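Chemist: Supplied in structure tokens, the structure appears directly below.
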Amino acid sequence: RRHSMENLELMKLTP
Amino acid sequence: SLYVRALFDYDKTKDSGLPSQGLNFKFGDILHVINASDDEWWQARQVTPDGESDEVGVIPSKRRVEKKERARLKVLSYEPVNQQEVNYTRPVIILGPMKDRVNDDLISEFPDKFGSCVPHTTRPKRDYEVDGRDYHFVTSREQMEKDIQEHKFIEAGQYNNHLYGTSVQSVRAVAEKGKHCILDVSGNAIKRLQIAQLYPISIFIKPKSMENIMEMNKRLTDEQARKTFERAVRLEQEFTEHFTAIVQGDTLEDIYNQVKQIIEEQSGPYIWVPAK
């Protein structure tokens, strides 16, 4: 671990 | 007085038209500006983590540096800095090729000075997982989302239609326990941490070439080396202003040693931060 964090599709965030 | 972080590299030999013996520096360097008078050149001294150099040299003014940079394209010069006291151990963000190896080595080699925060996920907790250990398990996607919009997370993403995020509180938790929190995140998390009054030590590993990449990792193909180098270029173009340092080496060992030193040099109770 942590595998799931190793591969993630990131999301844009608000300013 | 005026203290500045250099956002670019300066070579005396490369610049013509210098009024006095220049002072050449590297990105990330802190410079003490003795006299800013001339609208062209400045008089400054280098500020080392140890001393302050006894010496003087000429650096181009913010104004001069920018006209030159702006003249090309169809702007990074100097970032004013203040010395600030911190009650926490600064998070560490390594970026660029090899960063994952560098992350693994710090945690392995120095378990006392380094660690990882507990991330949040909306993935349902498995029977064998303990909330607070593996993840902070969020039972509401609605809540998780409201947290994201409210900037509770410095980074968030999706895996198998599950929400994941890296909390500020979670990072501040390791920071206050006396460890550098090693973060695997993008350049965007840097500003958020700064906004959060947790100033990360952000180090970018800059490949000298595709060959440089292939030499440190011998198992990469041409396609991979090409891709790896190309994403490091855009990473550098996007986030450069937000790096505390940039490192290059011919070997991983060389890179690693530098990051260890920089972290050391940046880990004191007093640090240079943007003046704002």
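Following Swiss-Prot, chain B residues are numbered 582-655, 707-908, in order.
Going by what the header records, the deposited coordinates were determined by X-ray crystallography, 2.7 Å.
Note that Cβ sites are derived from N, Cα and C of the backbone, with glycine treated the same way.
As annotated in Swiss-Prot:
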- B:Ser597: phosphoserine (MOD_RES)
- B:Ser618: phosphoserine (MOD_RES)
- B:721-896: domain 'Guanylate kinase-like' (DOMAIN)
- B:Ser841: phosphoserine (MOD_RES)
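Please go over these features one by one and say how buried each is and what sits next to it.
Modeler: Close to B:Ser597 (phosphoserine) in the fold, though at least 6 residues off in sequence, lies no residue with a CB less than 8 Å from its CB. When secondary structure is read from DSSP and collapsed to three states, B:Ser597 (phosphoserine) falls in the coil class.
Using a 10 Å radius centred on the Cβ of B:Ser618 (phosphoserine) and all shown protein chains, the other Cβ atoms total 10.
Counting only same-chain residues at least 6 apart in sequence, those with a Cβ under 8 Å from the Cβ of B:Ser841 (phosphoserine) are B:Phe861.
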